[PDB]
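Shown below, as structure tokens, is a lone chain in the form deposited in one PDB entry; questions about how it binds or moves come after it.
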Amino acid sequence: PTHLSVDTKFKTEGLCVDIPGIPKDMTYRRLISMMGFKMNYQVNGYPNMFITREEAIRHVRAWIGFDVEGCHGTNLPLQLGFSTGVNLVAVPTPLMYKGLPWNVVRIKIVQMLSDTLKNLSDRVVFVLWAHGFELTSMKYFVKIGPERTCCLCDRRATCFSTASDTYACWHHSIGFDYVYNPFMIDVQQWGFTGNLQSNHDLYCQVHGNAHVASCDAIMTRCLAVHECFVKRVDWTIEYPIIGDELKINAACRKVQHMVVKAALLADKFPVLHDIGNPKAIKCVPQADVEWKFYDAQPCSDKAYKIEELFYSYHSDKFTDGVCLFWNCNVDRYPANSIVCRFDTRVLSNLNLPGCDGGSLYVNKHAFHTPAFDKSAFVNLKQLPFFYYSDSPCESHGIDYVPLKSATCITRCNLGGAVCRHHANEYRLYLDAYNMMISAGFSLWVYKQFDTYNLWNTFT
């Protein structure tokens, strides 16, 4: 049990308006054959064009919503819509392009998929709400065969060129005309009542319906993300390293220890309420403070209501000391808080578009995150950058230009001149901090927080 058997039954009711007379009894084997593809009894890594829900979840970075609408089918032009917002018109002779033959349309499809996916995944998974025309249009831009490698590198082949008779990955496919060995999943097979729009709109008010193929492609991928990452959550699935994952996670741990340690020194809170990950560890283990933990898993649907986290009867007095919400998404933070909140609007290879304004954050694990909302932070202010250190001024063991900065809160800077060690540590921390902010994380703190209160910790 690893791939989707070609002998699995495929429900054809969704296909019968575009394909009247379609047999009710149908397998993936017969559907693939009907789509114009011959699998030739091949044992070469590509057993089925269609994949399971579990395989699709493991390859969520490859998801591209795909829909085809009849503009007027060998006689009529087709509108091809992709969840990237692209609409192409193919003639058989929200970016909307005018009607062109398939030989040029297929060049555009390969360029669009390669640019969207080269930094995300080794493949493409066409996410469908299958009605017929999308499946029958695939022979015009898709080639299949044994699993292959790129002509210029070791990555698996995702494109084919008829001009050169060669294969390429998404990074080396310039000028390629066919999508090679794509994968696909029909959401309609999962068991839904009603059309695409009525199922999508139950969970999402951000994607409308301009009545074009890309709107359906977007709604389709959105509904699939809702089903696989919002109402169903699997934090055990591991995802490959495709970017700055390790550095971002290391920066997050450095910034957390820095900010919390300084808040405790500047305001001397007697108690800290750590609300979030049930597996959390004390980020400042040497601090004097009474550390109390409260379990809350990452919310994937809507942000937690502060009334449910704190009320309904713990120190009980969350108003005492300070509250630490490190990636714990709540509707409205209390005034006495230290907050790290992921901004879902951020553009990155780790952050994929999500459901209802939310985003799918994929860094080792997949975490659907509720929409970033500026009103959650009305009792707080933006945490300003600062570096604090009470370690001894000692080099030990990288060329130098003397550091001058009002935000290097150290004994050496208090005494007029930043030592080499604290300058090296300051620039390293500034790099980690910038990495974290640029990755989408935003930092917020109680209004009375003032770094001027840190200088008297040097007496």
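Numbering starts at 1 and follows the sequence shown.
Separately, the form solved in complex with a small molecule exists; it is not shown, and the next lines address it.
Interface residue remark: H211 is counted as part of the site for the small molecule in the entry with it bound, having a heavy atom within 4.5 Å.
Taking non-hydrogen atoms only, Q79 approaches the small molecule to within 4.5 angstroms in the entry with it bound. Although the partner is absent here, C151 lies well away from the small molecule in the entry with it bound, with no heavy atom inside 4.5 Å.
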